[PDB]
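Reading the structure
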Amino acid sequence: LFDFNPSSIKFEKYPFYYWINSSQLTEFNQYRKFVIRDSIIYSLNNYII
Amino acid sequence: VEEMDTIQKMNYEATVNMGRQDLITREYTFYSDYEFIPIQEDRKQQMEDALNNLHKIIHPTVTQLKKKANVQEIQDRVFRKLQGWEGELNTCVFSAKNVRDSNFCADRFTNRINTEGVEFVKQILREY
Amino acid sequence: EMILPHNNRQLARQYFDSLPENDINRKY
Amino acid sequence: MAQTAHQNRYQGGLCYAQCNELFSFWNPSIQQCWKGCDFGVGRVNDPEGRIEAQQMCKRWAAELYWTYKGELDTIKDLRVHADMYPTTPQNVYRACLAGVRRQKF
Amino acid sequence: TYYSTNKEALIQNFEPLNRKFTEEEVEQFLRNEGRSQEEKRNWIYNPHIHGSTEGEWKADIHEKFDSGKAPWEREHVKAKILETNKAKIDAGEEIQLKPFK
Amino acid sequence: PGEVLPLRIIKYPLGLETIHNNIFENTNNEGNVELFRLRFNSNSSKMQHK
Amino acid sequence: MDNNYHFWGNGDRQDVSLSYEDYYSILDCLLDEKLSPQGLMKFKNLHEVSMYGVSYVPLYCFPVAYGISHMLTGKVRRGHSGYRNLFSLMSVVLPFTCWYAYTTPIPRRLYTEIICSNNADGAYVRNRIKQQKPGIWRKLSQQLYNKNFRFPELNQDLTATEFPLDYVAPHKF
């Protein structure tokens, strides 16, 4: 009520923006079979250029 | 290998057939699977050489420990680092386009093992 | 995800080379 | 205590009490420890009786489980802990030896 | 008389360390977590992490840990102390090796 | 489902055998005991045998 | 203040604050194999504290729900006689008050140790939340940066050479 409160504003227009794939910023400690997902994400992000 | 009795011939046939499961099932491929460029044989040998080099360092320490708990703890501590590196390698090899990319990723993984893996293992073993 | 160095197209470098000599990005 | 000498653990005496104190209450090793107390009754104080009792423990372990000839002679650590269960002839031998050690008189 | 004797002993026999802890002393302090209390540590030699030879390494380990000899009692450490603090050695100040207890 | 990934690092289980008080089932040609294993998926489309 | 500041289930105002919903969602995106035995111990202590807490939250919210349900009926206290309306309005309103409570972050020493630890467990947890829970990590990164925590995984990282993975909400530099 009476202190700092984190904002909830986000990117709500770019497609598949929050389908974050593995990189050095995520340390590759995810589910093993998510590599396929990464490929899909990659392909999707090449479709919207 | 021709000259043998019926029982020996049957045993040899059994031993041969138990090793051709990879041969029989290579024809049955799936269309919808996500294919990847596999790690080449030379890179496989280099990675196994790096693993053997790691095992060279840990051998006296683990063989001079009389408690299974300590050896299991040593195994677990190294395995987390190795699993992070393995995840990086698996991602970068699955997302590979040509054999050059797969070789690059395998070389990066082997270099990580031979550069940082040995240092981390040595620190752990000194702790033990 | 990281782009491998051999597969990396230095588009940023290409734009940087096309900048004027007296440019704030070149100063940076 | 179907394999031991006494109807109840209280007839075993101080040795059975020490065996109970050695392991957790759910650990079946205590019974094996009790057998040690049985092997070293009139033998612990005799210098060769102690060796005889240790041999009796080795024979008992060899009879309970399948064992190999050198297997009980190459045990690195004969110490026992609370969660040591008689799943192996080595564990049976260690529990029996610990029971032998705790047999005063 | 206990208070008077203790006060005299403190006043007479207390001096500041007068020196900065050397690199070897700090490293020994950081490795003192390897010391075991109430039971001796089983030192196992691994040539790929310890170097040297087994006999030399075990002798050094016995000197460092088992013997109880302090880092400031080592000859090379004493030489390093007398070298790195020669400025304080000049002008008639004597370096104290063992910290007061 | 998913795939058999290109590389898996597998921890060799320890202490599964107590026949002669040895907790290292595996040893390589150099004589050093092994704690880890590398498994590779060479063929990415073939079925896995029953 | 309190005599039990040592307790792991306790906390002060400036500890990392996670709501129960955030805590359960964070638990939904982690693996026990990737954590050291110390990290597992932290998570187990947090589990017992949090099971008791989630049990108790409706009890905390019951007085407020009772008051609001009474004020919705009117200014008449028909005890033992307005129970039906009172408890229908209660079964409606108490979920709303519990919604406000369960979406409210609460500080804890275990929360600030699990997230902000500088060992490998802390980095693993931070990166896992960063990738699998982008919104939770957005809020949590804002909170951590506000609390003078400097981690590479934060969106508000001025020393990074890589662009942030999310929208950086306005804050005072």
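Residues numbered from 1 in each chain as written, not as in the entry; some residues may be left out. Chains lettered and ligands numbered in written order. Part of a larger assembly, values for the part shown. Heavy atoms only, no water.

**A word on the overall build of chain D**
- Along the backbone of chain D there are 4 helices and 0 strands.
- Ordered by position in the sequence, the α and β elements of chain D form the string α-α-α-α.
- Compactness check: chain D gives a C-alpha radius of gyration of 13 Å against a globular reference of 13 Å for 105 residues, within 12% of the reference.
- Structurally, chain D occupies a C-alpha span of about 35 × 35 × 25 Å along its principal axes.
- Looking at chain D as a whole, 44% of its 105 residues qualify as buried. (Helix = DSSP H or I, 4+ residues; strand = E, 2+ residues; numbered from the N terminus. Rg over C-alpha atoms; globule rule 2.2 N^0.38 Å. Buried < 20%, exposed > 50% of the residue type's maximum accessible area, 1.4 Å probe, protein only.)

**A look at empty space enclosed by the protein**
- The final tally for this structure, using the stated rule, is 4 cavities of 30 Å³ or more.
- Roughly 100 Å³ of volume is contained in the largest cavity.
- In terms of lining residues, the largest cavity is bounded by A:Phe28, A:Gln30, A:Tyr31, A:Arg32, A:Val35, B:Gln83, B:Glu86, B:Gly87, B:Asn90, B:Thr91, F:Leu5 and G:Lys34.
- Here the lining of the largest cavity takes 5 residues from helix α4 (residues 68-94) of chain B, the largest share from any one element.
- Along the lines of polarity and charge, the residues of the lining of the largest cavity split into 4 nonpolar, 5 polar and 3 charged.
- By volume, the second largest cavity is sized at about 60 Å³.
- As for the second largest cavity, its lining consists of G:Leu18, G:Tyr23, G:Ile26, G:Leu27, G:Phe43, G:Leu46, G:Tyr111, G:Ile114 and G:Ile115.
- For the lining of the second largest cavity, the secondary-structure elements that each account for two or more residues are α1 (20-27), α2 (37-73) and α4 (109-116) of chain G.
- The class makeup of the residues in the lining of the second largest cavity is 9 nonpolar, no polar and no charged. (1 Å grid on protein atoms, 1.4 Å probe; cavity = no way out; pocket = protein on both sides within 12 Å on 5 of 7 lines; lining within 4 Å. Points joined across faces, edges and corners; volume = space filled by probe spheres on them. Nonpolar A, V, L, I, M, F, W, Y, C, P; charged D, E, K, R; others polar.)

**Overview of the state of the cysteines**
- Overall, the coordinates contain 3 disulfides over all chains when judged by the stated rule.
- When the bonded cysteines of chain D are numbered from the N-terminus onward, they pair as 1-4, 2-3, 5-6.
- B:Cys92 takes part in no disulfide bond, and the closest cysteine sulfur to it belongs to B:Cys105, at a distance of 4.8 Å.
- G:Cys116 provides the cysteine sulfur closest to G:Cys29, a residue in no disulfide bond, and the two sulfurs are 16 Å apart.
- Using a relative accessible area of 4% as the deciding quantity, one classes G:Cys29 as buried. (Disulfide = S-S within 2.5 Å.)

**Quick look at the pattern of salt bridges**
- Under the counting rule described, the total for this entry stands at 25 salt bridges over all chains.
- Put simply, D:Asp77 and B:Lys67 hold a salt bridge, and the shortest N to O gap is 3.6 Å. One end of the pair, D:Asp77, is in the loop between α3 (47-64) and α4 (89-101); the other, B:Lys67, is in the loop between α3 (41-63) and α4, on a second chain.
- A relative accessible area of 33% places B:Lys67 in the partly exposed class.
- Of the charged contacts, one joins D:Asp77 and D:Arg79 as a salt bridge, the two residues approaching to 3.4 Å between their closest N and O atoms. (Salt bridge = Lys/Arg side-chain N within 4 Å of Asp/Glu carboxyl O.)

**Some points on a negative patch on the surface**
- Together, E:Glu15, E:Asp90, E:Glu93 and E:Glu94 line one region of the surface with negative charge.
- Mapping E:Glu15 onto the fold places it in the loop between α1 (2-13) and α2 (23-31). (Patch = residues over 30% accessible without salt bridge, like charges linked within 9 Å, V, L, I, M, F, W, Y side chains within 5 Å. Areas by Shrake-Rupley, 256 points an atom, 1.4 Å probe, with all protein chains shown as cover. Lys, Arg positive; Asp, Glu negative; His and termini not counted. Charge placed at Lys NZ, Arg CZ, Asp CG, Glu CD.)

**Some details on α1(G)**
- Those residues of α1(G) lying buried are G:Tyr20, G:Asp22, G:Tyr23 and G:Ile26. The arc that holds the buried residues of α1(G), viewed along the axis, is 160°, so those residues lie on one side. (Arc of directions from axis to C-beta.)

**Observations concerning the environment of G:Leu35**
- Within the secondary structure layout, G:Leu35 lies in the loop between α1 and α2.
- Taking the relative accessible area as the measure of exposure, G:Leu35 reaches 6% and is therefore buried.
- Sequence separation of G:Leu35 and G:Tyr111 is 76 residues, and the distance between their C-alpha atoms is 16 Å.
- If near-sequence neighbours (up to four positions away) are discounted, G:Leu35 is found in contact with B:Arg80, G:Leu40, G:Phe43, G:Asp121, G:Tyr124 and G:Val125. (Contact = heavy atoms within 4.5 Å.)

**Points about the interface of chain F and chain B**
- Taken together, the contact between chain F and chain B spans 33 residues of the former and 38 residues of the latter.
- Of the roughly 3,400 Å² buried between chain F and chain B on both sides combined, carbon and sulfur atoms contribute 68%.
- Between chain F and chain B we count 2 salt bridges in total.
- We note a salt bridge from B:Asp22 to F:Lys46, for which the minimum N-O separation is 3.9 Å.
- Counting the contacts that link chain F with chain B gives 11 residue pairs in polar contact.
- Breaking the side of chain F that touches chain B down by element, the ones donating at least two residues are β1 (7-11) and β2 (36-40) of chain F.
- For the side of chain F that touches chain B, the element with the highest residue contribution is β1(F), accounting for 5 residues. (Buried area = accessible area lost by both parts, 1.4 Å probe. Polar contact = N/O pair within 3.5 Å; in protein donor to acceptor, adjacent residues only side chain to side chain.)

**Section: the side chain of E:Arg74**
Residues and elements named next belong to chain E.
- Turning to its location among the elements, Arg74 is positioned in the loop between α4 (54-66) and α5 (75-84).
- With relative accessibility at 2%, the residue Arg74 sits in the buried group.
- Sequence-distant contacts of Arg74, defined by excluding residues within four places in its chain, comprise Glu24, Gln28, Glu63 and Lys64.

**Quick look at the UniProt feature "binding site: ATP" (unreviewed entry) in chain D**
Residue and element names in this part refer to chain D.
- Under the UniProt annotation, the feature "binding site: ATP" (unreviewed entry) is placed at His81, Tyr85, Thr87, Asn91 and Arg94.
- You can call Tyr85 partly exposed: its relative accessible area is 30%.
- The contact partners of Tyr85, leaving out residues within four places of it in the chain, are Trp26, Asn27, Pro28, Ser29 and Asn91.
- A polar contact of 2.7 Å, which involves the side chain of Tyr85, links it to the side chain of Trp26. (UniProt positions renumbered as here; feature names shortened; annotations may be inferred.)

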